[PDB]
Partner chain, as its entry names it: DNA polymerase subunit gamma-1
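Next up: just one chain, as structure tokens, the form deposited without its partner chain.
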């Protein structure tokens, strides 16, 4: 078994049976891929996407849309089982009556969304109103999309749909291309492994794609398209006056750019990127992404007292939203060496050891993932040190 995926499965970044840890299974989205460490890593990534694209941008608003669309091409259809049963009860068929049923399914049944684009379009007229028709602006959503494989794969997509006058659309597309690529790179240990290329679709529309170089090859993690206006006009038949936005004095139907990232594949990219057979394997996930910031353990000494102290430190750090692994809670004894190796595989940023010394003089032993050196710190400072350290890494962007 490949080492990175093996470690990820052992440390609960990935879930699944061993056969589901193949490249094809991991890329298909046909099983829930992530275990608790992975779900947390992915939530951190999604939060960082939200910060960059919605929180820090006044012209981007959140949107939410259904998972199913009116029914498109290969998308699975939603069919009520009660309708099928109704049919299977009646003794006389036909072929006319059955074919009819099947025919009617193919034309009236809703279908699973393949992208988040249609949800943004359908909410455009309302956001336009909210912004008093001023262009440009965006609508953003993170949510699951469904993809026929070759079973239906599920992928978490982070979408920005940007509405701008056609005359600035090319400029906007290039701005998003650079910004999005820099966003992926800012969390990477090997930022050159995130690359980009131009592409064009079936219709000749221009776009770009962003890629991560996985061991087996490059996989697209984000696509950016200059869609023009057809999809928007397709959404609002007749009523054109209600979709025109202001470009200064001009009233115009805006051009639509779609900027869509694969949060799941992006999670897997950072897991591969983090792997350092440095020392023993370590996952050096970026501080803002690492699911566990600190681990707390008790050394040789008085069980119940040494744990009362860790509990207090845990509670303090959690009130401050710092994730903590309560190793002190464990029963089985494990060597310091074994602990550090595990924490390193889990991408834990700092490990803290509370000992009889601590009970005497209040000093803890603090070990860093990145340098791997141990320092003595007074328990009273730990919180401020950690709170400050994370804020520093998050400020870098």
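Numbering follows the first chain given and starts at 1.
Unmodelled residues of the deposited sequence between residue 150 and residue 151: 10 or more.
Per the record, residue 198 and residue 199 are directly connected, as no deposited residue between them is missing from the model.
The mean Cα B-factor in the deposited entry runs higher for 374-382 than for the other of 10-18 and 374-382. Higher mean CA temperature factor between 105-113 and 251-259: 105-113, per the PDB entry. For the set 316, 92, 219, 273, the maximum C-alpha B-factor listed in the entry falls on 92. Note on the listed residues 129, 122, 174, 73: the highest Cα temperature factor in the record is that of 73. Per the deposited record, the Cα B-factor of residue 293 falls in the lowest third when ranked against the other modelled residues of its chain.
Split the chain's modelled residues into thirds by C-alpha temperature factor. Residue 361 is in the highest one. Among the modelled residues of its chain, residue 232 has a C-alpha B-factor that falls in the middle third, as given in the PDB entry. Compared with the other modelled residues of the chain, the Cα B-factor recorded for residue 284 ranks in the lowest third. Per-chain ranking of the deposited C-alpha B factor places residue 342 in the middle third.
Another form, the form deposited with its partner chain bound, is not on view; read the next lines as being about it.
A heavy atom within 4.5 Å of its partner chain in the bound PDB entry is found for exactly one of 272, 172, 225, 211: 172. Its partner chain in the bound PDB entry is not approached by residue 237, whose heavy atoms all lie more than 4.5 angstroms from it. In the bound PDB entry, at least one heavy atom of residue 168 sits within 4.5 Å of its partner chain. Contact annotation: residue 247 falls within 4.5 Å of its partner chain in the bound PDB entry, judged by heavy atom distances. In the bound PDB entry, at least one heavy atom of residue 182 sits within 4.5 Å of a heavy atom of its partner chain. Scanning 38-60 for heavy atoms within 4.5 Å of its partner chain in the bound PDB entry gives just one residue, 57.
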